[PDB]
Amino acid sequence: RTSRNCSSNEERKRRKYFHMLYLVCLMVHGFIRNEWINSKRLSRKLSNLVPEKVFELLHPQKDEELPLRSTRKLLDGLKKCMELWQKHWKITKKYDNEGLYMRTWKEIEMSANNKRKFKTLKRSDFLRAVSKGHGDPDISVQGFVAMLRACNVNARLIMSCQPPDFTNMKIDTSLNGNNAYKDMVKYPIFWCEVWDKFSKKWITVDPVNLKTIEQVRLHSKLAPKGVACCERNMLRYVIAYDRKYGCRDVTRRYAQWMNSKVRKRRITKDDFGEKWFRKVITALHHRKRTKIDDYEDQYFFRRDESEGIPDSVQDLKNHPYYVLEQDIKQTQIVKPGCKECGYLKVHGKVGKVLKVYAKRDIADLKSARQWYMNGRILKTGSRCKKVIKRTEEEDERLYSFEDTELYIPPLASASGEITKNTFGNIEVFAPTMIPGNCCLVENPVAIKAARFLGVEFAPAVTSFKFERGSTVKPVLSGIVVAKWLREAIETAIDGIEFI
């Protein structure tokens, strides 16, 4: 009855770790390759692939009455380039193994054992390769970017990083063998974007695999489709590297549903993640912001607002902007005079429809005690927003954030006396709750210290522990003392062995 293909939270958490680790390496590999592309020795040889006529096409004169025709000439150039690169590149290899396509966790684990066969590359062999025109499809595009760059076009290298899927919870994760290679190579890992100064948009160019040039609006030929093609290519992080060592996450261009579908598969979905990802992207972005950056962000913004409510219930779990009436938490209510921002047709029941709210119209409520733990209490005459069932049986009243106000604890005396509770401590669940003329000192021995100096203090209860029994117990993490006394306490703490 139970086949149950699932791994341990340990393995989960490792996969998450390994996903990040594998990813950073991938994104650095991009960074470096994108360098090697700018190679000046290489550039000078590749220029000669490109006729003056074509060169001129790549740099059309501004046509003011109709910019469109300038884009048109630029496009003609990019196609004449795509053609002569087909010609430059004589011998096009197959990937040994999976190239930079996504691997299955099992495959990884097993890759330890067979250490297989790995030539070594470095920078020369790459350059030499691109010049003879010998290499796999990844190399071929990279060269193409070199060539364009050597023609002084602003030509990004795009990399769709395929680290292993950290949302794959499965123990055995097995793939279909049929047409496996033909289906993996169906869509590219690397490709090129090119900036049109006339239409102020980035042009998409895949000169080697799909061999088309597209101006992406809502849909892109490069984004993989169909269950089979996506086992090995799961579009999550599409990174753009430019001449000047920009690094920009351009996934939104290529992802039709970035905010429902693709976001569930990026490390970027919890808050720590976004923040981690940005650190990495920032590590990789060695230039300062251009106006192009803004034309793009403007594109992205518009892309991002045309996505809208998704067309299915599975896609509204944990959506950034949107939530179903049914998923509004017990502790949430709808902000007054708001209502649905949209409806959802429910696939497979006729006429059955759901109410979708904007997450911005939903309020989070907390009980009185709950607020206190954010260092806030109820403003005078506050009406409760909602009532629920707690556990024995009791009804717990909840309040909005604006029903409430900071708790300003009383200042300490001249002698540095701190005002206490029934148990002889002071409650600090938030910096706010540290008195103004006082500081919090957290340290297992701060109480030993303060007691030894016999200066006036008060224990900090900063949280509670929960354990067997229905018991709760306070956590004393430290001391609250007048600031003048801080220097003294810190010294005693430092000297605790001498007490």
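Note that residue numbering follows the sequence shown and begins at 1.
Asker: Count, per the entry, the deposited residues between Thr120 and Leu121 that are not modelled, and return the matching class: none, 1 to 3, 4 to 9, or 10 or more.
Answerer: Nothing is missing between them.
Asker: Hey, which bit's got the bigger mean C-alpha B factor in the entry, 93-101 or 250-258?
Answerer: The deposited B-factors put 93-101 ahead on the C-alpha mean.
Asker: Using the B-factors recorded in the PDB entry, average over the C-alpha atoms of 16-24 and of 486-494, then report which stretch comes out higher.
Answerer: Per the PDB record, 486-494.
Asker: Of the choices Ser400, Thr290, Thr282, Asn168, which one's C-alpha carries the largest B-factor in the record?
Answerer: Highest C-alpha B-factor among the listed residues goes to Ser400.
Asker: If you check the C-alpha B-factor for each of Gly416, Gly273, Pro310, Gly351 in the entry, which is highest?
Answerer: Out of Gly416, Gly273, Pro310, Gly351, the record gives the largest C-alpha B-factor to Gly416.
Asker: Please place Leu57 in the lowest, middle or highest third of its chain according to the CA B-factor in the PDB entry.
Answerer: For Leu57, whose C-alpha B-factor we compare with every modelled residue in the chain, the answer is the middle third.
Asker: Sorting the chain's CA B-factors, does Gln162 end up in the lowest, middle or highest third?
Answerer: For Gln162, whose C-alpha B-factor we compare with every modelled residue in the chain, the answer is the lowest third.
Asker: What third of its chain's C-alpha B-factors does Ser470 belong to: lowest, middle or highest?
Answerer: Answer is highest: the recorded C-alpha B-factor places it there.
Asker: Among the modelled residues of this chain, does the Cα B factor of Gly177 put it in the lowest, middle or highest third?
Answerer: Middle third by C-alpha B-factor.
Asker: Once the chain's modelled residues are ordered by C-alpha B factor and cut into thirds, is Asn233 in the lowest, middle or highest one?
Answerer: Lowest third of the chain for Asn233's C-alpha B-factor.
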